[PDB]
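Just one chain is shown here, as structure tokens, and it is the form deposited in one PDB entry.
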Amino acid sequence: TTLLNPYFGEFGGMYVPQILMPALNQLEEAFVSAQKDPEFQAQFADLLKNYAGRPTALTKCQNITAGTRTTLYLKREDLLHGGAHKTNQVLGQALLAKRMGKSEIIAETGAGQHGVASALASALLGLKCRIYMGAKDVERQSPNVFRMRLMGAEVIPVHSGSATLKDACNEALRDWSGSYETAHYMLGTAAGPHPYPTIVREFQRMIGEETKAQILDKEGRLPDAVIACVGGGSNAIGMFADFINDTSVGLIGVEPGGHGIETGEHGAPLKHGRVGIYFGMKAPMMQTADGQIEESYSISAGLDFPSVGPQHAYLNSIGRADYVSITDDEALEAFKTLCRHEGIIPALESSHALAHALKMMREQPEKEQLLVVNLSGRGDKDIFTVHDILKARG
């Protein structure tokens, strides 16, 4: 029994061990309560404004689109404290943990950005934070591991399974199954068991709310399409949510195509995986023919979640949103182009959304279109990745 619907059509649900059902029910109740509580809303609004830096800018990119009929705005989540959109919803989740009387936070992370966002929210709000990270990721993400440690978080390497994000996801749930009475699990994307896809969406929806107000102010109309990269789905659902009922507005989600869909080396389960049940939900995922869970590959280490939020799978099924993929090489070109023509270094994740917008423009340069890309994060973290490629190729 729940207060809210745990499904988006056939997708979603609460596929957790019986022992965790009360933790999910408790979380849902606290969320529903918080959402009607003007003091909760005001406290969240205050942190977002005065600590995280909202509202974020909406930047018109004139150099990139010169000579075409595309007008392109970037929603600047790269300017949020922490350097990515993840900060929005960890602040809301930290406040929910406090509302429930929890003193401890558990978080999973792959590339480390969610780990850093959870650590900074926990430091601000007086929560003791422990973060699980696959041992291969810990090895590859020293900068973020050290940021988490400077912020007072305990970073716990996970050596089981493939020692990456999915294995950290498991370990977080194993810990929670024994510690839920005192600890909140701060899940990092719009995925997992209900109520997380709903909570994560509602605590990211200011992205699209502000986008709508900002584009009405500048252009006097809604965008033709809003475009966002999709790892687990949080920044994309955050941009999409306030436009879902504006049926003229295209919603375009961009999954990583890695080395190319046909190579198998990609992270695009929504369009190229198979529905399974894992991490608390029924959703498309990266899996073997036998049903073992596999890794998502992308040049961008943050597009590593091996499935996709269930609301995205649902929006796709009904044709409300369209999903596409962009390869490593397309994302790298979009990265280089934004640096050179706009002086903004985008996260390689976000560079997937930008690459697809650039393609929309370049393929049909006399189509009149007003586009918004969600620039989900900054790309300072990616400059050596892009370096080790770009000079090793000229």
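Only the largest set of C-alpha atoms that superpose within 1.5 Å between the two forms is called the rigid core. The first residue of the sequence shown is number 1, and the count goes up from there.
- Here the stretch with the larger average CA B-factor, out of 70-78 and 174-182, is 174-182.
- 158-166 and 192-200 differ in mean CA B-factor, and the higher of the two is recorded for 158-166.
- Within the group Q311, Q141, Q214, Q89, the record's highest C-alpha temperature factor is found at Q141.
- Within the selection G291, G253, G257, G83, the deposited Cα B-factor values reach their highest point at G291.
- Sort the chain's modelled residues by C-alpha temperature factor and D37 lands in the highest third, per the entry.
- Remark: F146 belongs to the highest third of its chain, ranked by C-alpha B-factor as recorded.
- In this PDB entry, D224 carries a Cα temperature factor that places it within the middle third of its chain's modelled residues.
- For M100, the recorded CA B-factor ranks within the highest third of the chain. Only modelled residues enter the ranking.
- Sort the modelled residues of the chain by CA B factor and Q26 lands in the middle third.
Just so it is clear, the following notes concern the form deposited in another entry, a form of the same protein that is not shown.
- Measuring CA movement between the shown form and the other one with the rigid core aligned, the set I156, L95, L124, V275 has one residue at 2 Å or more: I156.
- Superposition of the core reveals a Cα shift of 2 Å or more for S142 between the shown form and the other one.
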